[PDB]
There are 2 protein chains.
Amino acid sequence: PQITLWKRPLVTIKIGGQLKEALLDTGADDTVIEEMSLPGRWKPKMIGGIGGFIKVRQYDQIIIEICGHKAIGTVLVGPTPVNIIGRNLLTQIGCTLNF
Amino acid sequence: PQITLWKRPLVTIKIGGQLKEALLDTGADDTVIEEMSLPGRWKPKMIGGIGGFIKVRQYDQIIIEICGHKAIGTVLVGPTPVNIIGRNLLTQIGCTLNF
Ligand SMILES: O=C1C(=O)N(Cc2cccc(O)c2)[C@H]2CNC[C@@H]2N1Cc1cccc(O)c1
Ligand SMILES: CCOC(=O)c1cccc(N)c1
Ligand SMILES: CCOC(=O)c1cccc(N)c1
Ligand SMILES: [Cl-]
Ligand SMILES: [Cl-]
Ligand SMILES: [Cl-]
């Protein structure tokens, strides 16, 4: 698909058996999702941006379906105001910027 | 151009006659640049990120080149951790997400 940027590029994702809305975010290195259960070991991480940093839990080898495209990668879980699909998963669905 | 996301989508911009590096950020509604001098009056704005908020100065109708593409629009100035080109200007240069 081609997604314009007149509004926030929000898409439906499936993760851990749950449906969520998430923002395709080329400015994000990492993918960060609101609190939810995920399988496996985790380690703590701090991620920062405007406003400062939040503490998240890092889970690896998590499968996500993004707008119908399956990908696997690291997913951070924590108190993010918005669910964010970052570059680590955008690459896996073949997402590019074009102009 | 077509820009992949294996690395940060950093580009050269020109603003106030000077070249700077900036990130093409589809997760950002607005464009925010590090402290610099811009002409005219400014208005207050707050922008929200993953860790909270910052106050910024809003300047309108600012001339700015992004990857050599000419734009004129709203530029926010403040303590952003990186120069960010957001959707307000990405739309002006005809930028889309594709996969
Ligand atoms: O503030 C943030 C933010 O926290 N991040 C960083 C981030 C967020 C999530 C994961 C990750 O690895 C990094 C940025 C990333 N793009 C816009 C995310 N923003 C929003 C933003 C920024 C500038 C101007 C705006 O109008 C909006
Ligand atoms: C502490 C470093 O902060 C960041 O990576 C960042 C901040 C604002 C926007 C974006 N896209 C990234
Ligand atoms: C308080 C509202 O916060 C946001 O709009 C936001 C947070 C993190 C990443 C991005 N891209 C946006
Ligand atoms: Cl990953
Ligand atoms: Cl590729
Ligand atoms: Cl604008």
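Within the set of pairs 6 or more residues apart or between chains, which connect a residue that is among the small types (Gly, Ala, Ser) inside the range B:12-25 to a residue that is loosely packed, with under 11 Cβ neighbours inside 10 Å with Cβ atoms less than 7 Å apart?
Listed pairs, sorted by first residue: B:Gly16/B:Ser37.
Report yes if B:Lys45 is surrounded by 15 or more Cβ atoms within 10 Å (Cβ to Cβ), away from ligand 5 (no atom under 16 Å from the Cβ) and within 30 Å of A:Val11 (Cβ to Cβ), otherwise no.
So B:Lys45 fits the description; yes.
Do you know which of the residues in the range B:58-71 that are in contact with a helix residue (DSSP H, G or I) (Cβ under 9 Å, 6 or more places away or on another chain) and surrounded by 17 or more Cβ atoms within 10 Å (Cβ to Cβ) is nearest to the other protein chains (Cβ to nearest Cβ)?
B:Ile66
When both residues are 6+ apart or on different chains and their Cβ atoms are under 8 Å apart, which pairs have a first residue that lies in the range A:79-99 and is within 17 Å of B:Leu10 (Cβ to Cβ) and polar (S, T, N, Q), and a second that is within 13 Å of ligand 3 (Cβ to nearest atom) and not in a strand (DSSP E or B)?
Close Cβ pairs (under 8 Å, with a partner that is within 13 Å of ligand 3 (Cβ to nearest atom) and not in a strand (DSSP E or B)) amount to A:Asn88/A:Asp29; A:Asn88/A:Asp30; A:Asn88/A:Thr31.
Out of A:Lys55, A:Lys43, A:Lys20, report the one residue that is within 11 Å of chain B (Cβ to nearest Cβ), touching a strand residue (DSSP E or B) at 6+ places or on another chain (Cβ under 8 Å) and of a type in the set (D, E, K, R).
A:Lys55
Pairs only if they're at least six apart or on different chains, beta carbon under 6 angstrom, first in the range A:60-72 and closer than 17 Å to A:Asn83 by Cα and within 16 Å of ligand 2 (Cβ to nearest atom), second aromatic (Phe, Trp, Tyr) and outside any loop (DSSP other than H, G, I, E, B); list them, first residue then second.
none
Just checking, which of A:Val32, A:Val11 is within 10 Å of ligand 1 (Cβ to nearest atom) and surrounded by 17 or more Cβ atoms within 10 Å (Cβ to Cβ)?
Testing whether each residue is within 10 Å of ligand 1 (Cβ to nearest atom) and surrounded by 17 or more Cβ atoms within 10 Å (Cβ to Cβ) leaves just A:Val32.
Within the range A:72-86, restricting attention to residues that are more than 15 Å from A:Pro1 (Cβ to Cβ) and either more than 16 Å from ligand 1 (Cβ to nearest atom) or assigned to a strand (DSSP E or B) (or both), which residue is nearest to the other protein chains (Cβ to nearest Cβ)?
That would be A:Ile84.
Coordinate-derived values only; no laboratory data. Don't worry about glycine lacking a Cβ; one is built from the backbone with ideal geometry, like all the others, and counts go over all protein chains shown.
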